[PDB]
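Report on the structure given below.
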There are 2 protein chains.
Amino acid sequence: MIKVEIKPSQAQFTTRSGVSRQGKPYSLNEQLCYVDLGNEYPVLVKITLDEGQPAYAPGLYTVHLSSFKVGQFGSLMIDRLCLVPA
Amino acid sequence: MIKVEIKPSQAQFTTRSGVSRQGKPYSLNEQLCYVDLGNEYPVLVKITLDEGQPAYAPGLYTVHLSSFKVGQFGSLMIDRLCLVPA
């Protein structure tokens, strides 16, 4: 259904960090990918990995149902995009 | 990929209206459906129809790619969920 691609130039992440409101240090790892939204060319999207998960290797993925949730106004929304091999 | 169901009790919409900031009257039509998010039972989601589109009939649908867009922080998000017959 949604086609996601990790290019060889995107095979690993960068880390961003800081301090939580209850003074706890956080760290978020982010990776770039291309999602085909049906336009002439795929679009660049940023994804945030969960703790202990490595960057996805190059290749083709699709989106896991766990990426979605019901939001605060009752409509569906993406929480965090989770990729599974195509 | 995402399974959406319109039940017989949900076969038509309700309308909500008001006035735009540039004084123009609006009207939004909304319908209820069930989306299977993989939990024990499907979850209730509200969808907003586009102008001139009737309520979806009872049955099984999936989600159209046009429901998605890149948001302001570079990550993917749902704009308005668009259903296609399964």
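Values below: every heavy atom of this structure, side chains too, minus hydrogens, waters and symmetry copies. Proteins come first, then strands; the chains are lettered A, B, ... in the order of their sequence lines, and each starts at number 1.
- Between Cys82(A) and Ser67(A) the shortest heavy-atom distance is N-OG, 2.9 Å.
- With a 4.5 Å cut-off between side-chain heavy atoms of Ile, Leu, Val, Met, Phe, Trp and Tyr, the cluster of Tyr41(A) takes in none.
- At most 12 non-hydrogen atoms from other residues, nucleotides or ligands lie less than 6.0 angstrom from CZ of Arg16(A).
- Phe13(A) and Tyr26(A) fall into different hydrophobic clusters, where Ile, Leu, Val, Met, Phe, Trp and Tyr side chains are chained together by heavy-atom contacts under 4.5 Å.
- Rounding to the nearest 0.5 Å gives a distance of 7.5 Å between OG1 of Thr14(A) and CG of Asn29(A).
- Linking ILVMFWY residues whenever their side-chain heavy atoms come closer than 4.5 Å, directly or via other members, places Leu65(B) and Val35(B) in the same cluster.
- Connection of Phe68(B) to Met77(A) is not established within any shared hydrophobic cluster, with ILVMFWY side chains joined at heavy-atom distances below 4.5 Å, either directly or through further cluster members.
- A distance of 11.0 Å separates CD of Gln12(A) from CD1 of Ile6(A), quoted to the nearest 0.5 Å.
- Using a 4.5 Å heavy-atom threshold, the side chains of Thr62(B) and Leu83(B) count as separate.
- Taking both residues in full, the closest heavy atoms of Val4(B) and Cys33(B) are given as CG1-SG, 3.4 Å, listed atom of the first, atom of the second, then distance.
- Clustering of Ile, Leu, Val, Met, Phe, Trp and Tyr side chains at separations under 4.5 Å places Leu32(B) together with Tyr34(B), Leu44(B).
- The line from NZ of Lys46(B) to CG of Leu81(B) is 13.5 Å long, rounded to the nearest 0.5 Å.
- The CZ atom of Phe73(B) sits 12.0 Å away from the OG1 atom of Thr48(A) when rounded to the nearest 0.5 Å.
- Of all heavy-atom pairs between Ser17(A) and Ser27(A), the closest is CB-OG, 3.3 Å.
- Partners of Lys3(A) by salt bridge (charged side-chain N to carboxylate O under 4.0 Å, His left out), not counting sequence neighbours: none found.
- For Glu5(B) against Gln10(B), the heavy-atom pair with the smallest separation is O-NE2, 3.7 Å.
- A continuous path of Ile, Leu, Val, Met, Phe, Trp and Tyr side chains, each step under 4.5 Å between heavy atoms, connects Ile78(B) with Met1(A), placing both in one hydrophobic cluster.
- Heavy atoms only, all atoms of each residue included: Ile47(A) and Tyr56(A) are closest at CD1-CE1, 3.7 Å.
- The two residues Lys69(A) and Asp79(A) make their nearest non-hydrogen contact at NZ-OD1, 2.7 Å.
- Taking the side chain as every heavy atom from C-beta outward, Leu76(B) and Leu37(A) approach each other to under 4.5 Å.
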